[PDB]
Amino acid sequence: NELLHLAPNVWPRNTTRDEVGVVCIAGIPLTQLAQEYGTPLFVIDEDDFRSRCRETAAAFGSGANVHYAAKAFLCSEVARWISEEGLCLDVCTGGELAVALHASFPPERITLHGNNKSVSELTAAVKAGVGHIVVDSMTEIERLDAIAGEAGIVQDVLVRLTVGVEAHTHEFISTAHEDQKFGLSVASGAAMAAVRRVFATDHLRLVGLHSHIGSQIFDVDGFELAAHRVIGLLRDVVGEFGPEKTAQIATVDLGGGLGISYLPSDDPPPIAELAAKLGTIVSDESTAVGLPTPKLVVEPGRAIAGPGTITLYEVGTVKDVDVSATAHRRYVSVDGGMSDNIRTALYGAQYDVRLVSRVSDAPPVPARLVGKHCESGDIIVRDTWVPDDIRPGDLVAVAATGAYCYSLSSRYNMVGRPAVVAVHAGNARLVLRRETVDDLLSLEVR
């Protein structure tokens, strides 16, 4: 009828509709997957994930200029996709680096991030030979120096910058004094003080400048300002140390935050266009200050891992709730909740939800997809439409849950993690099995 259309910018590349009207991913009907693997279920469309890997890499000239941000979603299978498609991998803590290593990720294609890197983390990284570390404090620079000098290597590093730009969807805020934990201020001199300290020692070596300015960005405008303010530092450093000790700072890392479509109306720019533009503004901005254009590096998380995966639920309860003297809201309770998708409660995110186990001829009715936790705020999709005949047993899917949902998953109310499955050219396979009661108790020490 009208809730039937599956906006292609929102749903995985390989979504189709059955002859019996069952939504399918990679040739497999979602009903099949719920019978085989249970619900709730995370369903990853592997070709989608790889596709986006490939489209981004082409857009920026090389998969090497594209670092996947592990925090969006990480496991061995994914580390292995990243590796195969030739991108780099951005890990953020000791734990992330471990997993990437356990999955035999090339450690020269790993960059390590973080505002509070411990000593053991910095050690373990040069020990495996990570080969970029984006430093975030004077203290980390001191530690990294000792540690690296001790190992008899020269660690390539980037310094993380605050340029006071914060971008989201179609706007951005600029501030005199960015008030957050990451990076070093350009304007207050802290960043230049750091650039010096890194020049003072022989055990580190500054190879670029990093800036991360937001998420869910749909415009290039904020990157342009951010890039201007970053290249501005570059100017300052060749102005104090002359183009020679500086020739080797040839990378500008503009971070991630490249947005995706959670809702049909969401209109992030095709990656190719976006990339062409950024490349232009990096080249205009560096030339208009007397400097050879540096290479552009970005760090996508979501824009790779997000659209390809969907979360499949089973309707359990359907309750009509009166919200005014005339109007109602259809609360449809589902298999999971803030345990596998906290994004709605935590960031006020908005998702798209659809009936997938069949096609309904019933009219659209206003609705709330909620979960099963004992908390009124356990809402998965705050505002949507649902066919009037939605009923227990039906299966629904929430789109674009591949980034940030599982990584943030918890065991609230002792609800185990859902299973994760990948589907590819007709074939599904369990990647991350579903937690069980034994898992829930595994930490308990008798």
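Position 1 is the first residue in the sequence shown; the rest follow in order.
* **Per the entry, higher mean C-alpha B factor between 279-287 and 264-272** => According to the entry, 279-287 carries the higher average C-alpha B-factor.
Residue stretch of maximal mean CA temperature factor, 235-243 vs 124-132
Looking at the recorded C-alpha B-factors, 235-243 comes out higher on average.
Q: Among the candidates 316, 308, 337, 152, give the one with the maximum CA B-factor reported in the record.
A: Answer, based on the entry's C-alpha B-factors: 152.
Quiz for you: based on the deposited Cα B-factor, which of 341, 169, 293, 115 is highest? That would be 293, according to the entry.
For this session: Going by the recorded CA B-factors, say which third of the chain residue 106 sits in, lowest, middle or highest.
Result: Middle third by C-alpha B-factor.
Notebook entry, point to check: Against its chain's modelled residues, does residue 299's Cα B factor rank lowest, middle or highest third?
Noted result: Lowest third.
Worksheet item: Thinking about Cα B factors across the chain, which third does residue 386 belong to?
Response: Middle third of the chain for residue 386's C-alpha B-factor.
- [ ] Pull the Cα B-factor of residue 95 out of the PDB entry and bin it into the chain's lowest, middle or highest third.
- [x] As the PDB entry reports it, the C-alpha B-factor of residue 95 lands in the middle third of its chain.
| message | Could you place residue 210 in the lowest, middle or highest third of its chain by Cα temperature factor, using the values in the record? | response | Middle third of the chain for residue 210's C-alpha B-factor.
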